[PDB]
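Read the structure below first, then the notes.
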Amino acid sequence: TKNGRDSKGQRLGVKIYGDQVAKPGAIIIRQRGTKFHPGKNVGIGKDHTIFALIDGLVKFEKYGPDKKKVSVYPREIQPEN
Amino acid sequence: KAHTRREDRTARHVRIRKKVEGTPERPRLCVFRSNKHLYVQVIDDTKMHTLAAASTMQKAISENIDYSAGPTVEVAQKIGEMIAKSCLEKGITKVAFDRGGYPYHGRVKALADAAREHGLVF
Amino acid sequence: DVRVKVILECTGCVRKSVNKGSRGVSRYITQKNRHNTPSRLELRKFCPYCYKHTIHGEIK
Amino acid sequence: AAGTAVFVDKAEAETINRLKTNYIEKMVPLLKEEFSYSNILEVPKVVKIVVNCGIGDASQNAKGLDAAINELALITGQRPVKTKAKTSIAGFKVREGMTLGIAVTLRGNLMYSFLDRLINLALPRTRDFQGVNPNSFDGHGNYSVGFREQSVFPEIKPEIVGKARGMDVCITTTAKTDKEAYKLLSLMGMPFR
Amino acid sequence: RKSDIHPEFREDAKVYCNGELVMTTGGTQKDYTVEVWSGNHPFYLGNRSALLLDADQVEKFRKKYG
Amino acid sequence: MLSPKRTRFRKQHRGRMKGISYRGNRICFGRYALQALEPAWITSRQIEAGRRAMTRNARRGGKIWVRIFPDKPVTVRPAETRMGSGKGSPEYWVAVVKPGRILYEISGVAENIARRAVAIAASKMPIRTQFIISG
RNA sequence: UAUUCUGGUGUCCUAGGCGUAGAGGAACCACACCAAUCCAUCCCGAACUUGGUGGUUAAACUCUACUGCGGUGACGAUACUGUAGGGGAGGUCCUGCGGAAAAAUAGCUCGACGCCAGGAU
RNA sequence: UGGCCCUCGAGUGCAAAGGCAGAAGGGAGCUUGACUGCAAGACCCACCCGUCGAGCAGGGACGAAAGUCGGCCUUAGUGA
Ligand SMILES: [Mg+2]
Ligand SMILES: [Mg+2]
Ligand SMILES: [Mg+2]
Ligand SMILES: [Mg+2]
Ligand SMILES: [Mg+2]
Ligand SMILES: [Mg+2]
Ligand SMILES: [Mg+2]
Ligand SMILES: [Mg+2]
Ligand SMILES: [Mg+2]
Ligand SMILES: [Mg+2]
Ligand SMILES: [Mg+2]
Ligand SMILES: [Mg+2]
Ligand SMILES: [Mg+2]
Ligand SMILES: [Mg+2]
Ligand SMILES: [Mg+2]
Ligand SMILES: [Mg+2]
Ligand SMILES: [Mg+2]
Ligand SMILES: [Mg+2]
Ligand SMILES: [Mg+2]
Ligand SMILES: [Mg+2]
Ligand SMILES: [Mg+2]
Ligand SMILES: [Mg+2]
Ligand SMILES: [Mg+2]
Ligand SMILES: [Mg+2]
Ligand SMILES: [Mg+2]
Ligand SMILES: [Mg+2]
Ligand SMILES: [Mg+2]
Ligand SMILES: [Mg+2]
Ligand SMILES: [Zn+2]
């Protein structure tokens with residue numbers, strides 16, 4: 001009949017990208033369903049929020065054959081120029 | 001949908017293997033039971049390595065106990081023992097039990113209990 | 001209406017002002033469907049005072 | 001006009017021997033030879049016989065359900081299972097979980113025994129009988145026959161029966177074709193066409 | 001078989017036919033008293049002859065008159 | 001008059017018309033054809049009229065394929081209606097055609113009768129067009 | 001120390017799948033058969049369970065092979081576009097410098113790599 | 001009720017979207033973590049609110065154990 005009701009955009013989507021840095025607890029992705037799957041060193045929440053358990057570079061991977069999963073790997077910073 | 005018993009047990013083994021995971025401090029205790037033979041392994045998944053493996057195909061239990069058709073409860077207990085000693089000598093105490101698709105019962109159950117009385121923790 | 005707020009209360013709690021370290025009457029609260037299940041709900045739940053899981057019944 | 005039930009009536013006999021031992025002794029060599037199989041295990045075997053009562057008006061009155069359960073029991077020596085309807089159906093006045101039919105599965109030795117009390121006992125005692133249709137196979141080698149009323153079996157006592165209740169019987173065989181399955185049944189004494 | 005829920009299956013069932021025939025079968029009862037079983041039923045031969053031979057109007061005419 | 005039998009939402013976007021249509025380019029049915037030169041919006045009434053004209057002028061010649069069809073809805077607000085309080089009522093239906101697109105295919109005549117018939121067809125079209133022969 | 005084979009067990013991945021043809025029974029894996037005190041079926045020793053037999057590669061799995069299906073997939077070109085302009089009444093067109101598909105065909109594909117036990121050389 | 005072929009097209013209390021096949025879908029057994037005390041760090045952000053949570057202690061539930069459990073596949077169901 002008469003339209004015009006709607007919703008504020010929920011702020012979902014990738015918060016930290018591939019090869020950026022994460023704190024422990026830092027939220028990597030807010031999603032509705034699971035458009036990503038938890039990998040290693042990485043926990044998943046009730047709303048399927050994915051968060052880091054470890055400081056380090058976050059890397060996305062083929063879950064296989066089709067889907068995707070995210071996991072966090074510890075990096076090494078020696079190379080100070 | 002696989003109604004071949006084989007494929008079915010593989011299904012259950014994978015389902016169980018979802019939850020239980022071999023780590024350096026808590027290796028996976030892996031039971032395989034075939035018709036003429038009982039085979040058991042111990043795995044660290046992170047390093048992708050088996051530390052100790054005991055089976056009815058080894059001369060120890062071969063010269064100890066012989067059986068007619070299927071592996072007996074007795075066979076099982078002898079194996080649980082063998083692997084308990086084998087692992088306690090490499091410094092592995094605390095491990096996780098992979099029932100490898102089979103219902104925990106019968107010679108699986110007895111396998112477990114034999115490994116427990118002998119100083120293996122699970 | 002047909003779905004109601006119910007108070008659970010520890011049965012073994014004595015309102016007399018007990019002599020222990022922490023004194024108080026545990027109550028939880030929750031909802032029941034008064035039609036579906038007319039039986040007075042009983043639930044085993046934790047009590048901060050008794051320190052053990054006790055049985056919490058209801059109040060009218 | 002060809003009689004393979006002159007095999008079934010042949011001499012004073014025993015049960016186990018009849019079905020299972022005439023299978024191992026006689027049937028298996030016969031089939032092994034006439035279809036020329038390159039291994040023994042390719043022989044057609046009888047897997048299972050499920051007997052299925054279809055009564056949906058029995059959901060209304062549970063006593064008919066209990067009665068027919070007892071009937072199918074005394075017939076098959078096995079206390080039946082009561083099958084629940086999966087979906088809510090309008091025109092049949094059915095909702096989910098409502099008890100519709102009555103089903104038993106017969107396996108192992110009871111399979112052979114009930115099969116025997118079928119061909120050699122109730123089938124001839126039936127109402128006017130010509131032969132069971134050769135055309136009732138499913139193409140993959142499993143056969144089905146209806147029984148319009150259950151007074152067929154003597155375990156069923158006809159004066160004590162309140163109402164006539166129908167049965168369906170489904171024979172399941174490892175056979176992949178109907179020829180092999182048909183030879184299997186007939187060789188075992190079945191009255192075809 | 002699960003115990004006590006099933007009706008008792010007596011493995012020995014003597015089939016007694018009134019032609020004094022005694023065979024063995026299986027069933028809940030010990031003895032079955034039978035009339036008209038597989039062997040000793042019209043089906044094989046007698047019924048074939050009755051269904052297939054019952055026509056013949058011309059000879060039926062000639063038997064009356066001739 | 002051509003038109004879709006059902007859609008969920010009544011009202012639709014004007015859209016935007018760009019490029020070439022590479023797909024409808026070929027002539028796969030008949031012999032001679034009418035090709036759309038320019039980016040436009042064909043009402044079902046125009047296709048109707050063009051087809052009727054080509055059909056009547058051909059007559060004794062056999063066959064006319066209509067290679068297009070008006071599946072996108074179009075909406076209008078009434079007269080003396082102040083702007084606001086909702087999108088209007090769909091009146092008619094259009095087909096979106098881009099340059100290179102084939103409209104009419106025709107078979108069963110000499111090239112002369114076909115050139116003339118296709119001309120009378122292109123007279124009821126909103127757009128510039130072309131005459132082409134099968135390969 | 002090698003190699004080869006069986007069974008277990010995993011990680012990587014281009015997700016190695018279906019089909020057709022062939023090989024495997026000494027060992028291993030499997031089914032087959034038999035009997036039901038541990039446990040077992042909303043009915044059924046079918047499954048799952050304990051204990052026997054010694055049958056068979058039929059099913060299963062395993063291994064070699066093949067493009068028929070399936071899966072994968074360019075180069076180039078074009079569509080589109082970033083920025084600098086131009087034409088058209090407009091719908092929209094065109095140029096220079098930079099990026100660059102989808103589709104389709106050419107090809108590619110019948111997985112790779114590791115530990116353990118157990119034979120063989 | 002029996003069987004063969006397609007393989008995710010059903011389902012998920014209710015809209016729609018995103019998820020989810022040996023599963024988040026269907027069933028069975030035992031249960032009350034639909035707990036107390038908290039909490040590094042994040043996301044969202046005018047403010048007020050709102051969301052995710054590794055981890056610690058107490059006292060438990062299921063489980064042989066490993067472990068999982070601070071309501072519900074997620075997002076509405078509310079009011080300073
Ligand atoms: Mg939104
Ligand atoms: Mg949680
Ligand atoms: Mg065995
Ligand atoms: Mg007939
Ligand atoms: Mg251009
Ligand atoms: Mg297109
Ligand atoms: Mg014009
Ligand atoms: Mg590939
Ligand atoms: Mg490849
Ligand atoms: Mg084979
Ligand atoms: Mg190909
Ligand atoms: Mg292809
Ligand atoms: Mg290129
Ligand atoms: Mg440009
Ligand atoms: Mg410009
Ligand atoms: Mg360019
Ligand atoms: Mg370039
Ligand atoms: Mg590309
Ligand atoms: Mg491509
Ligand atoms: Mg290879
Ligand atoms: Mg819905
Ligand atoms: Mg959906
Ligand atoms: Mg579930
Ligand atoms: Mg913890
Ligand atoms: Mg926690
Ligand atoms: Mg705790
Ligand atoms: Mg306990
Ligand atoms: Mg749930
Ligand atoms: Zn208390």
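Convention: chains lettered A, B, ... in structure tokens order; per-chain residue numbering from 1; ligands numbered from 1 as shown.
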Close residues to ligand 20 using only C-alpha atoms (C1' of nucleotides) and all ligand atoms, limit 12 Å, as a PyMOL selection string: chain G and resi 16+63-65+109-112
Output file for the residues above (C-alpha atoms (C1' of nucleotides), as a PDB file, in the first residue's frame):
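The resulting out.pdb:
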```pdb
ATOM      1  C1'   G G  16      40.852 -34.928  -9.496  1.00  0.00           C
ATOM      2  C1'   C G  63      45.703 -49.261  -8.862  1.00  0.00           C
ATOM      3  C1'   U G  64      46.812 -48.427 -14.470  1.00  0.00           C
ATOM      4  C1'   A G  65      44.514 -46.110 -18.822  1.00  0.00           C
ATOM      5  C1'   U G 109      42.628 -32.032 -16.513  1.00  0.00           C
ATOM      6  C1'   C G 110      41.511 -38.503 -14.676  1.00  0.00           C
ATOM      7  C1'   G G 111      45.339 -34.744  -8.333  1.00  0.00           C
ATOM      8  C1'   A G 112      50.181 -33.174  -5.412  1.00  0.00           C
TER       9        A G 112
END
```
Going by DSSP on the backbone, which residues of chain B come out as alpha helix (DSSP H)? List them as a PyMOL selection string. chain B and resi 5-19+59-64+73-88+106-117
For chain G, work out the contacting residues on chain A at 9 Å, counting only C-alpha atoms (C1' of nucleotides), and write them as a JSON list (two decimals) with N, CA and C atoms, in the first residue's frame.
```json
[["chain", "number", "residue", "atom", "x", "y", "z"],
["A", 64, "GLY", "N", 37.45, -24.07, 0.32],
["A", 64, "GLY", "CA", 37.43, -25.10, -0.69],
["A", 64, "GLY", "C", 36.13, -25.85, -0.78],
["A", 65, "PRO", "N", 35.72, -26.17, -2.02],
["A", 65, "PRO", "CA", 36.34, -25.57, -3.22],
["A", 65, "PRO", "C", 35.92, -24.11, -3.40],
["A", 66, "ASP", "N", 34.74, -23.80, -2.86],
["A", 66, "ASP", "CA", 33.99, -22.56, -3.10],
["A", 66, "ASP", "C", 34.17, -21.47, -2.02]]
```
Would you mind listing what lies within 8 Å of region 46-57 of chain C as a list in words, with only C-alpha atoms (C1' of nucleotides) counted and same-chain residues fewer than 6 positions away left out?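 Near region 46-57 of chain C, the qualifying residues are residues 8, 9, 10, 11, 12, 13, 22, 23, 24, 25, 26, 27 and 40 of chain C; 35, 36, 59 and 60 of chain H.
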Residues from last step as file, N, CA and C atoms (P, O5', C5', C4', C3', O3' and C1' of nucleotides), as a PDB file, in the first residue's frame:
```
ATOM      1  N   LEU C   8      11.475 -17.280  40.633  1.00  0.00           N
ATOM      2  CA  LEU C   8      11.956 -18.489  41.253  1.00  0.00           C
ATOM      3  C   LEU C   8      12.600 -18.112  42.578  1.00  0.00           C
ATOM      4  N   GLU C   9      12.392 -18.944  43.589  1.00  0.00           N
ATOM      5  CA  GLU C   9      12.947 -18.662  44.898  1.00  0.00           C
ATOM      6  C   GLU C   9      13.587 -19.893  45.515  1.00  0.00           C
ATOM      7  N   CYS C  10      14.767 -19.723  46.105  1.00  0.00           N
ATOM      8  CA  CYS C  10      15.434 -20.820  46.801  1.00  0.00           C
ATOM      9  C   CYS C  10      14.559 -21.295  47.954  1.00  0.00           C
ATOM     10  N   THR C  11      14.374 -22.608  48.023  1.00  0.00           N
ATOM     11  CA  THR C  11      13.517 -23.219  49.027  1.00  0.00           C
ATOM     12  C   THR C  11      14.198 -23.290  50.396  1.00  0.00           C
ATOM     13  N   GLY C  12      15.494 -23.597  50.387  1.00  0.00           N
ATOM     14  CA  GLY C  12      16.245 -23.798  51.615  1.00  0.00           C
ATOM     15  C   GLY C  12      16.855 -22.529  52.181  1.00  0.00           C
ATOM     16  N   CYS C  13      16.302 -21.394  51.764  1.00  0.00           N
ATOM     17  CA  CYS C  13      16.768 -20.103  52.241  1.00  0.00           C
ATOM     18  C   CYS C  13      15.862 -19.598  53.358  1.00  0.00           C
ATOM     19  N   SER C  22      27.472 -14.113  53.990  1.00  0.00           N
ATOM     20  CA  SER C  22      26.560 -13.334  53.152  1.00  0.00           C
ATOM     21  C   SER C  22      25.119 -13.828  53.319  1.00  0.00           C
ATOM     22  N   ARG C  23      24.237 -12.940  53.763  1.00  0.00           N
ATOM     23  CA  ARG C  23      22.850 -13.308  54.037  1.00  0.00           C
ATOM     24  C   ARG C  23      21.906 -12.671  53.026  1.00  0.00           C
ATOM     25  N   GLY C  24      21.035 -13.477  52.435  1.00  0.00           N
ATOM     26  CA  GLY C  24      20.067 -12.960  51.490  1.00  0.00           C
ATOM     27  C   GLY C  24      19.253 -14.090  50.916  1.00  0.00           C
ATOM     28  N   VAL C  25      18.090 -13.774  50.374  1.00  0.00           N
ATOM     29  CA  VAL C  25      17.218 -14.804  49.836  1.00  0.00           C
ATOM     30  C   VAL C  25      17.338 -14.839  48.323  1.00  0.00           C
ATOM     31  N   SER C  26      17.931 -15.885  47.764  1.00  0.00           N
ATOM     32  CA  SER C  26      18.069 -15.912  46.315  1.00  0.00           C
ATOM     33  C   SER C  26      16.706 -15.957  45.632  1.00  0.00           C
ATOM     34  N   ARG C  27      16.513 -15.057  44.678  1.00  0.00           N
ATOM     35  CA  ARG C  27      15.412 -15.156  43.740  1.00  0.00           C
ATOM     36  C   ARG C  27      15.979 -14.988  42.350  1.00  0.00           C
ATOM     37  N   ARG C  40       3.576 -25.940  38.688  1.00  0.00           N
ATOM     38  CA  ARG C  40       4.503 -24.965  39.238  1.00  0.00           C
ATOM     39  C   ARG C  40       5.926 -25.394  38.864  1.00  0.00           C
TER      40      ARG C  40
ATOM     41  P     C H  35      19.733 -17.443  33.517  1.00  0.00           P
ATOM     42  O5'   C H  35      21.218 -17.945  33.207  1.00  0.00           O
ATOM     43  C5'   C H  35      22.335 -17.393  33.885  1.00  0.00           C
ATOM     44  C4'   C H  35      22.516 -18.031  35.239  1.00  0.00           C
ATOM     45  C3'   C H  35      23.351 -17.254  36.245  1.00  0.00           C
ATOM     46  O3'   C H  35      22.623 -16.202  36.874  1.00  0.00           O
ATOM     47  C1'   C H  35      24.058 -19.507  36.215  1.00  0.00           C
ATOM     48  P     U H  36      23.157 -14.679  36.838  1.00  0.00           P
ATOM     49  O5'   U H  36      24.139 -14.591  38.091  1.00  0.00           O
ATOM     50  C5'   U H  36      23.665 -14.831  39.409  1.00  0.00           C
ATOM     51  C4'   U H  36      24.799 -14.911  40.401  1.00  0.00           C
ATOM     52  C3'   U H  36      25.862 -13.830  40.294  1.00  0.00           C
ATOM     53  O3'   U H  36      25.480 -12.602  40.898  1.00  0.00           O
ATOM     54  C1'   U H  36      26.893 -15.939  40.539  1.00  0.00           C
ATOM     55  P     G H  59      33.784 -24.408  44.708  1.00  0.00           P
ATOM     56  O5'   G H  59      32.340 -24.929  44.251  1.00  0.00           O
ATOM     57  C5'   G H  59      31.164 -24.615  44.999  1.00  0.00           C
ATOM     58  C4'   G H  59      29.920 -24.547  44.132  1.00  0.00           C
ATOM     59  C3'   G H  59      29.575 -25.778  43.298  1.00  0.00           C
ATOM     60  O3'   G H  59      28.951 -26.816  44.040  1.00  0.00           O
ATOM     61  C1'   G H  59      29.433 -23.879  41.924  1.00  0.00           C
ATOM     62  P     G H  60      28.988 -28.344  43.516  1.00  0.00           P
ATOM     63  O5'   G H  60      29.054 -28.239  41.913  1.00  0.00           O
ATOM     64  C5'   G H  60      28.421 -29.190  41.045  1.00  0.00           C
ATOM     65  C4'   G H  60      27.381 -28.534  40.145  1.00  0.00           C
ATOM     66  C3'   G H  60      26.862 -29.345  38.958  1.00  0.00           C
ATOM     67  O3'   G H  60      25.821 -30.245  39.310  1.00  0.00           O
ATOM     68  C1'   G H  60      27.411 -27.144  38.248  1.00  0.00           C
TER      69        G H  60
END
```
Strand (DSSP E or B) positions in region 5-189 of chain D, given as a PyMOL selection string: chain D and resi 46-53+81-84+89+94+99-106+132+137+143-147+167-173
Can you work out which residues from chain E touch chain G at a cut-off of 12 Å (counting only C-alpha atoms (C1' of nucleotides)) and hand them back as a tab-separated table (two decimals) with C-alpha atoms, in the first residue's frame?
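So the final result, stored in selection_11.tsv, reads:
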```
chain	number	residue	atom	x	y	z
E	1	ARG	CA	13.80	-60.64	18.33
E	2	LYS	CA	13.24	-58.36	21.37
E	3	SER	CA	11.88	-60.23	24.40
E	5	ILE	CA	6.90	-57.62	23.28
E	6	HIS	CA	6.45	-60.07	20.38
```
Selection within 10 Å of ligand 17 by only C-alpha atoms (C1' of nucleotides) and all ligand atoms, output as a PyMOL selection string: chain G and resi 98-100
